[PDB]
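Chemist: What follows is a protein structure lacking sequence information:
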């Protein structure tokens, strides 16, 4: 039986599902409530993109009740959820109706600029500043809900940059687009003049507070962030720390912990990826180390034949039940 | 020719910062640092042919600039830094 | 089955090292297979994301490795772009203090830009907005002698751009006076030349960087394949003050009928907006009139005007709607009683007529500039006669 179902590629899937797996809904009835929350929040963007600046204090409360709710769904409390879901439905539909009684259809200016300020500050830290800058942006709040309540297992920025990109966090394309839109501020309708100016005052209030996030060596931060994620994987696969120990002590130690075929990958794509990360001054040095870091973990998480570690638990329960049943019958 | 204008340029930025944030207090530490420079420029431009005493006061000017570096770096902490970073970098690149 | 189907298709190491080599050897059409990968990744991702709606135990950590695998390639593209730095100067050259005072540093940008000037046809009229800027920097430095080169050679290239053009030519006031571009540029080319030989100015940075805000727009959109660089810690001192000057252009407070004077247009905008609300609510007690529709559309369109707009046309529109609402308020019931609004409108017009009047009052110094606008086509002839005698 093992001759046919055996694999060769990915064996430590269970070793990542146990350490990189966040609190998620534990019941279908809560999964549906979660889906309702998400669809409601997705429609909430459709009115968030149409209100004026004075309205951005109730929306701050709405950005918090979503936290209170997506906290409560994983508490698996479903009594007051459907209640307050309806309250927020009424509030959002109220402001939707108010959207239809606006002759001055607001058009979001500087939106790509606030978005790129967010791309710089999309961190679990300084989410208060992310939360201050959400309503000007084009950010689906379901992502912002994963910051004040950290449910991410990777660098969060990746959920933003790809769309239907990564250059504006390693260049000054933002600071140029200001000056373009600053000069073309004029030649515009007066309707867009008691609403565009309030963005720029708010923009000054923002970029000053977000200034120290800008001047960091962004080629040094993602380097260090890669190390802080990569140092952890090897500690899990091989107990200890490679901020305490040498590479060759650790390479021998894998055999004491692990099979051979995967240790190949553990030195064929992974240790040299760190050897490049240590020596990463350029950006090709980051890309090489990082593309190999990507290629590696698709060969410890991904099997050749089907294998789900969650089903291992969902089978043992059935056997316990059936031997209970037979014992009762006996 | 440069620094006495750089100070007032920063001072524009500092007022602009005070409109939107907390700091309007690290401005007093600049007008003194500006006024004191005239007390050296008088002697340095009182010259017609040069003197040995100007070494004595060139040292006072240099150590004072090195002091002023520390005062700026003290004002950099707890306050918006980038406005101070450029004056610091200019003084460092033209030591 | 979906997972292995995806890895077997497009994410084999065999296919990936082709890409790593293509970026490493600077091959062709590698940046587009990247987009194929990015789209197929979004296909797989959106499929499983909307797919199965019951687990992201595995999918989140899985997408934490493919987002990574695209981020890596994008970092490589970001350096292939620096494999083509045809100009080693970025925009925001002259948008920070410290690249100005370092007199060698500005000079090291000119010889890099020396291709941009020869490049570009006659009547490009964006190049010639640059070589004006480098002159006032000579005044910003108070006549350093190292910049005699950039001062003289720039004017030589400008005069060459002008002498080439004459070789091809051989091959209400002004509204009422008809009833009986480059001139603005060349006019800006000589007052600058004049202002060099003033006494002194006590140079300030805040004046020059706004001119930087004009030039870096031009130098970014027209020119491409340029230097790319991380942001800096002085340059924001230009953008912030630029915005402070823009935002306090709408708020702060001499000419009429070509000037536009925003602080009055905003007053018009709200004092008419209140009336537009008041009529539209009062369009529902009586469901329709054409006079009300007329003045409604007038207030709408006037509010849809630009903001560089001069004022005779605006005052025309305001008097039109004033007459329309006046004739309606005559017929309408006394319950409406919009005298508070029309009174303010009339007083606004009364105030505006003083500003119409002030231009008639002086009215010469306007005229003493249109003679001053002839200076552009004087300077080239003099430089031809004078500077080409030792050169």
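Modeler: Nice, I can see it. Numbering: from 1, shown residues only, chains lettered A, B, ... in the order given.
Chemist: Report the buried residues of the helix or strand residue C:76 falls within.
Modeler: Residue C:76 belongs to helix C:59-80 when elements are defined using DSSP states H and E. For helix C:59-80, burial by neighbour count (16 or more other Cβ atoms under 10 Å in any protein chain shown) applies to C:60-80. All C-beta atoms are positioned from the backbone trio N, CA, C, and that covers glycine.
Chemist: Now tell me what touches the next helix or strand after it from outside.
Modeler: Using DSSP H and E, the helix or strand that follows helix C:59-80 in sequence is helix C:98-101. Contacts to helix C:98-101, defined as Cβ atoms under 8 Å, 6 or more residues apart in numbering or on different chains, come from residues B:2, B:86, B:89-90, B:93, C:93-94, C:105-106, C:109, C:137, C:140, C:205, C:208, C:234.
Chemist: top of these by neighbour count?
Modeler: residue C:94 (25 neighbours; other Cβ atoms under 10 Å in any protein chain shown).
Chemist: What residue in chain B comes nearest to chain C?
Modeler: Nearest residue of chain B to chain C (Cβ to the nearest Cβ) works out as residue B:86 at 3.5 Å.
Chemist: just how off-centre is the host helix or strand of that residue within its chain?
Modeler: Residue B:86 belongs to helix B:82-93 when assigned by DSSP H and E. Distance of helix B:82-93 from the chain centroid (Cα atoms, centre = their mean, to the nearest Å) equals 10 Å.
Chemist: Touching that helix from outside, list them.
Modeler: Counting by Cβ under 8 Å, 6+ apart, A:211, A:215, B:2-3, B:6-7, B:10, B:13-14, B:17, B:65, B:68-69, B:72-73, B:75-76, C:96-98, C:101-102, C:233-234, C:236-237 sit against helix B:82-93.
Chemist: now the helices for the stretch 151-300 of chain C?
Modeler: C:173-177, C:182-188, C:191-196, C:205-221, C:236-250, C:262-282, C:290-303 (DSSP state H, counting those that start in this stretch).
Chemist: what helices or strands is the second one leaning on?
Modeler: Contact partners of helix C:182-188 among helices and strands, from 3 or more Cβ pairs under 8 Å, 6 or more residues apart in numbering or on different chains; DSSP states H and E: helix C:376-386.
Chemist: One more: the first one?
Modeler: In terms of contacts (3+ Cβ pairs under 8 Å, 6+ apart), helix C:173-177 is packed against no helix or strand at all.
Chemist: number of nearby residues for the closest residue to chain B within the stretch 101-250 of chain A?
Modeler: The minimum distance from the stretch 101-250 of chain A to chain B, using Cβ to the nearest Cβ, falls at residue A:205 (4.9 Å). Under the neighbour criterion other Cβ under 10 Å, residue A:205 is assigned a count of 15.
Chemist: isn't it right up against residue B:20?
Modeler: Yes - counting by Cβ atoms under 8 Å, residue A:205 touches residue B:20, with 4.9 Å between them.
Chemist: distance of residue C:212 from residue C:95?
Modeler: Residue C:212 is 4 Å from residue C:95, where distance means Cβ to Cβ, to the nearest Å.
Chemist: okay, and the common contacts of the two?
Modeler: Contacts common to residue C:212 and residue C:95, judged by Cβ under 8 Å, 6+ apart, are residue C:238.
Chemist: Closest to the centroid, which residue in the chain?
Modeler: Picking chain A for this. What sits nearest the mean C-alpha location of chain A, by Cα atoms, centre = their mean, is residue A:156, with 3.7 Å.
Chemist: that answer is for a different chain, and I need it for chain B
Modeler: Nearest to chain B centroid, counting by Cα atoms, centre = their mean: residue B:33, 5.2 Å.
Chemist: For that one, give me its contacts.
Modeler: So residue B:33 contacts B:7, B:68, B:71 (Cβ under 8 Å, 6+ apart).
Chemist: Chain C against chain B: which residues are in contact?
Modeler: C:96-98, C:101-102, C:142, C:202-206, C:233-234, C:236-237, C:240-241, C:244 (Cβ under 8 Å from any Cβ of the partner chain).
Chemist: let's see it at 10 Å
Modeler: Residues of chain C lying close to chain B (Cβ under 10 Å from any Cβ of the partner chain) are C:96-98, C:100-102, C:140-142, C:202-206, C:209, C:231-238, C:240-241, C:243-245, C:248.
Chemist: Show me how to select, in ChimeraX, the buried members of those.
Modeler: A single ChimeraX command suffices to select whichever of these are buried according to 16+ other Cβ under 10 Å:
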select /C:96,97,98,100,101,140,141,203,205,206,209,231,232,233,234,235,236,237,238,240,241,243,244,245
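Chemist: Now residue 255. Nearest residue, chain neighbours left out?
Modeler: You didn't pick a chain, so chain A it is. residue A:263 (6.6 Å; Cβ to Cβ, 6 or more residues apart in numbering or on different chains).
Chemist: That was the other one, I meant chain C.
Modeler: residue C:359 (6.4 Å).
Chemist: where's that neighbour relative to chain B, distance?
Modeler: 33 Å (Cβ to the nearest Cβ, to the nearest Å).
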